[PDB]
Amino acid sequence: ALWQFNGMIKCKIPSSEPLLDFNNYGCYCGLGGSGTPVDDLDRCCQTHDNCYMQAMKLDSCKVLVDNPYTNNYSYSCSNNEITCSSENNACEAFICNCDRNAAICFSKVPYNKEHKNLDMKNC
């Protein structure tokens, strides 16, 4: 879920509060998304959004009422390395992977403050 993703991003980037630094950034980082990504970080979020859209189409995810933002899964952080647990079922695992790839993406690309709270009229 959302809380897991927060800790997952702090695992890769120890000095930030993901819910603040990465929320409402560009056209995709944050609830929703549309238009052409403004930068790679925004592209990281785009991919993450597609990943979620994909997960929602899994027979295994449809059975449960939990939302990708509200579905708790298991993972660990160790030596700043993220590991999705094998105790996770199909749906959770898929989501866990979506969040893992996004966290790493976040930590490998530039951050442009100018894009924080971007005017959704650029999307």
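Residue numbers run from 1 along the displayed sequence.
When 93 to 101 is weighed against 26 to 34, 26 to 34 comes out higher, by mean CA B-factor as recorded in the entry. Judged by mean Cα B factor in the deposited record, 63 to 71 ranks above the other of 84 to 92 and 63 to 71. Per the deposited record, the Cα B-factor of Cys51 falls in the middle third when ranked against the other modelled residues of its chain.
Sorting the modelled residues of the chain by their CA temperature factor places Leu19 in the highest third.
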